[PDB]
Structure formats: C-alpha cells, structure tokens
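Have a look at the structure below, then the notes.
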Amino acid sequence: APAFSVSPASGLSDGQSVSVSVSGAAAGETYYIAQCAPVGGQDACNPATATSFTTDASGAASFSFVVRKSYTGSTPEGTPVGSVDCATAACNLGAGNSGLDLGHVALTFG
C-alpha cells in the first residue's frame with residue numbers, strides 16, 4: 001500500500017549515498033529507517049545510520065541517506081561481535097513500525 005524505494009538499489013560503494021523516498025502512508029504514523037545484516041555470529045545493525053522520520057503530506061518522506069560496505073555492527077545481546085560487511089553476506093535496508101510495515105530494499109555490491 002505504502003511506498004518505500006531507493007534510487008541506487010545496486011552497485012553501492014562504501015560511503016556512496018543513496019536516495020530514499022517514502023510516499024504512501026500519511027500524517028499520524030512514525031517510522032524507523034535503518035540498515036542491518038546478519039553476522040557469522042548472529043545479527044548486527046548500524047547505529048550511526050539509525051534514524052527515524054514521520055509522515056504528513058499525504059504520508060511523504062523523501063531524504064538523502066548513505067550506505068557502507070562494512071559498518072561497525074553489534075549484537076543485541078550485549079555481545080559486540082565487531083564490524084560487519086556486505087561482501088560475504090547481504091544487507092537489507094528496511095523502514096517501518098511494528099504496526100505498519102512499509103518494506104525494505106535488498107542492497108547489492110557489484
């Protein structure tokens with residue numbers, strides 16, 4: 001129903017920025033946009049790229065974001081495995097709340 005896409009969805013380089021656009025929801029609902037990837041241990045998420053936004057004009061939210069081939073991630077169990085990479089594993093950028101699920105774009109590194 002809602003809309004969550006990113007211009008550059010492939011061929012992303014460490015540091016390269018990406019364009020994100022959220023048009024579908026509406027004023028009266030918050031959302032959390034973040035990128036996470038599993039690790040040889042369990043799972044890790046990026047804290048620096050951890051940001052949130054809210055809808056309003058017909059539920060629109062377009063802004064400039066960024067990506068990193070490898071980002072310092074950490075387990076959610078008090079176990080900071082260390083840094084995380086997207087070369088051997090894949091990274092997924094999703095954005096939404098527990099009540100509404102917009103979707104996520106699978107990032108690739110060619």
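Ordered as shown in the structure tokens, chains take letters A, B, and onward, while each chain numbers its residues from 1 and ligands are numbered from 1 in the order shown.
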Which residues are close to residue 107 of chain A, i.e. within 12 Å by only C-alpha atoms, leaving aside same-chain residues fewer than 4 positions away? Reply as a PyMOL selection string. chain A and resi 5-14+18+35-37+66-69+86-87+89-94
Which residues, written as a ChimeraX atom specification, have at least one atom at most 10 Å from residue 99 of chain A, with only C-alpha atoms counted and residues fewer than 3 positions away on the same chain left out? /A:29-31,96,102
When you look at segment 40-43 of chain A with a cut-off of 8 Å (counting only C-alpha atoms), what residues show up, excluding the ones that are within fewer than 5 positions of it in the same chain? I need them as a PyMOL selection string. chain A and resi 74-76+81
Take the residues from that selection and write them out as an mmCIF file, in the first residue's frame, keeping N, CA and C atoms.
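And here's part_28.cif as it stands now:
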```
data_model
loop_
_atom_site.group_PDB
_atom_site.id
_atom_site.type_symbol
_atom_site.label_atom_id
_atom_site.label_comp_id
_atom_site.auth_asym_id
_atom_site.auth_seq_id
_atom_site.Cartn_x
_atom_site.Cartn_y
_atom_site.Cartn_z
ATOM 1 N N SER A 74 26.798 -4.526 15.920
ATOM 2 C CA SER A 74 26.934 -5.134 17.275
ATOM 3 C C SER A 74 25.712 -6.001 17.591
ATOM 4 N N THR A 75 25.912 -7.095 18.270
ATOM 5 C CA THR A 75 24.765 -7.983 18.612
ATOM 6 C C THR A 75 23.863 -7.307 19.651
ATOM 7 N N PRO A 76 22.599 -7.629 19.583
ATOM 8 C CA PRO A 76 21.618 -7.054 20.520
ATOM 9 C C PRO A 76 21.618 -7.834 21.841
ATOM 10 N N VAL A 81 29.987 -8.280 18.513
ATOM 11 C CA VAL A 81 30.866 -9.137 17.660
ATOM 12 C C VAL A 81 31.973 -8.300 17.019
#
```
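In this structure, atom CA of residue 58 of chain A sits 4.7 Å away from atom CA of residue 26 of chain A.
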Going by DSSP on the backbone, which bits of segment 16-80 of chain A are strand (DSSP E)? Write them as a ChimeraX atom specification, please. /A:17-23,30-38,43-45,51-54,60-66,70-73
Next, dump the selected residues to file, keeping only C-alpha atoms, as a PDB file, in the first residue's frame.
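See part.pdb below for the written result:
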```pdb
ATOM      1  CA  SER A  17      24.970   7.952  -0.754  1.00  0.00           C
ATOM      2  CA  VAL A  18      21.513   6.678  -1.749  1.00  0.00           C
ATOM      3  CA  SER A  19      18.211   8.467  -2.397  1.00  0.00           C
ATOM      4  CA  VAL A  20      15.255   7.187  -0.363  1.00  0.00           C
ATOM      5  CA  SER A  21      11.597   8.103  -0.884  1.00  0.00           C
ATOM      6  CA  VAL A  22       8.555   7.197   1.265  1.00  0.00           C
ATOM      7  CA  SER A  23       5.174   8.100  -0.279  1.00  0.00           C
ATOM      8  CA  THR A  30       6.075   7.340  12.654  1.00  0.00           C
ATOM      9  CA  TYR A  31       8.713   5.086  11.045  1.00  0.00           C
ATOM     10  CA  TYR A  32      12.294   3.913  11.665  1.00  0.00           C
ATOM     11  CA  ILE A  33      14.644   3.632   8.650  1.00  0.00           C
ATOM     12  CA  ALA A  34      17.789   1.558   9.289  1.00  0.00           C
ATOM     13  CA  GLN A  35      20.115  -0.959   7.580  1.00  0.00           C
ATOM     14  CA  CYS A  36      21.034  -4.303   9.194  1.00  0.00           C
ATOM     15  CA  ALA A  37      22.880  -7.503   8.218  1.00  0.00           C
ATOM     16  CA  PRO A  38      23.494 -10.866   9.876  1.00  0.00           C
ATOM     17  CA  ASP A  43      22.948 -10.420  13.757  1.00  0.00           C
ATOM     18  CA  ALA A  44      24.164  -6.787  13.789  1.00  0.00           C
ATOM     19  CA  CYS A  45      22.675  -3.347  12.993  1.00  0.00           C
ATOM     20  CA  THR A  51      17.452   7.417  12.041  1.00  0.00           C
ATOM     21  CA  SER A  52      13.671   7.872  12.189  1.00  0.00           C
ATOM     22  CA  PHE A  53      11.093  10.036  10.390  1.00  0.00           C
ATOM     23  CA  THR A  54       7.332  10.742  10.358  1.00  0.00           C
ATOM     24  CA  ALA A  60       5.538  11.633   2.152  1.00  0.00           C
ATOM     25  CA  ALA A  61       9.153  11.389   3.355  1.00  0.00           C
ATOM     26  CA  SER A  62      11.974  11.736   0.786  1.00  0.00           C
ATOM     27  CA  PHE A  63      15.527  12.376   2.083  1.00  0.00           C
ATOM     28  CA  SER A  64      19.230  11.675   1.406  1.00  0.00           C
ATOM     29  CA  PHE A  65      20.662   8.565   3.115  1.00  0.00           C
ATOM     30  CA  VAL A  66      24.009   6.683   2.843  1.00  0.00           C
ATOM     31  CA  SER A  70      31.224  -2.696   6.052  1.00  0.00           C
ATOM     32  CA  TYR A  71      29.745  -0.937   9.109  1.00  0.00           C
ATOM     33  CA  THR A  72      30.623  -1.362  12.804  1.00  0.00           C
ATOM     34  CA  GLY A  73      27.649  -3.505  13.892  1.00  0.00           C
TER      35      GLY A  73
END
```
If you measure from atom CA of residue 24 of chain A to atom CA of residue 4 of chain A, what distance in Å do you get, rounded to one decimal? 8.2 Å
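The space between atom CA of residue 15 of chain A and atom CA of residue 106 of chain A spans 17.2 Å.
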